[PDB]
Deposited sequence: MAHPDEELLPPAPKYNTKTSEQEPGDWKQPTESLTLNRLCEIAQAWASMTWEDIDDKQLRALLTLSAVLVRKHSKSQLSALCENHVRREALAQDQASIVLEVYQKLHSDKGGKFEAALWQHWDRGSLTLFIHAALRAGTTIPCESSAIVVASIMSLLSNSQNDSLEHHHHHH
């Protein structure tokens, strides 16, 4: 336990969140693959900003807003876990090249909706503690 110390436009966490939420609330009926590829990277990073305790939370926000069968519910949770653990973009890259690009679009979009919408902290006493600052 260590002693106390003795005496334009960057991608801050705040801006990551504003981008993710801005795009999550849009309709994507005109995006090219460059925008989708970037949305994929945004969504993988956004997942990694959540604690893994909350991984399940994202998934089952995702399952409910998209009305998925246990078939895809299982797959969705595994994808969130493989993105949360992803190193060097290996799994992300596999997703981009191998998944059907339209189902990958639906997944990316629902992932941005879940990341900007679930609580980032499960413990209610931490939630109340932080929210007392107003």
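**Report entry** Sequence order list of spans that the model leaves without C-alpha positions, deposited numbering
**Finding:** According to the record, the gaps fall at 1-8, 16-30, 158-172.
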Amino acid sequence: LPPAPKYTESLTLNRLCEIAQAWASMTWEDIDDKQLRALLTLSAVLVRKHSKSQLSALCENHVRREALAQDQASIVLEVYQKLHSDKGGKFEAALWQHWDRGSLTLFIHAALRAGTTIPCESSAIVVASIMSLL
From here on, numbers count along this sequence of modelled residues.
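Report task. Averaging only over Cα atoms, indicate whether 122-130 or 108-116 has the higher B-factor in the PDB entry. Result -> The deposited B-factors put 122-130 ahead on the C-alpha mean.
Query raised in the report: Of the two stretches 98-106 and 22-30, which shows the higher Cα B-factor on average in the entry?
Result: Mean CA B-factor is higher for 22-30.
Query raised in the report: Among the chain's modelled residues, which third holds the C-alpha B-factor of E66?
Result: It falls in the middle third of the chain.
Query raised in the report: Comparing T12 with the other modelled residues of its chain, is its CA B-factor in the lowest, middle or highest third?
Result: Its C-alpha B-factor belongs to the lowest third of this chain's values.
Query - Ranked against its chain, the third holding the CA B-factor of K87 - result: For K87, whose C-alpha B-factor we compare with every modelled residue in the chain, the answer is the middle third.
Query raised in the report: Of the three thirds of its chain by CA temperature factor, lowest, middle or highest, which one includes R37?
Result: Ranked within chain, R37 CA B lands in the lowest tercile.
**Report entry** Within-chain third of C59 by Cα B-factor, per the entry
**Finding:** CA B-factor rank for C59: highest third.
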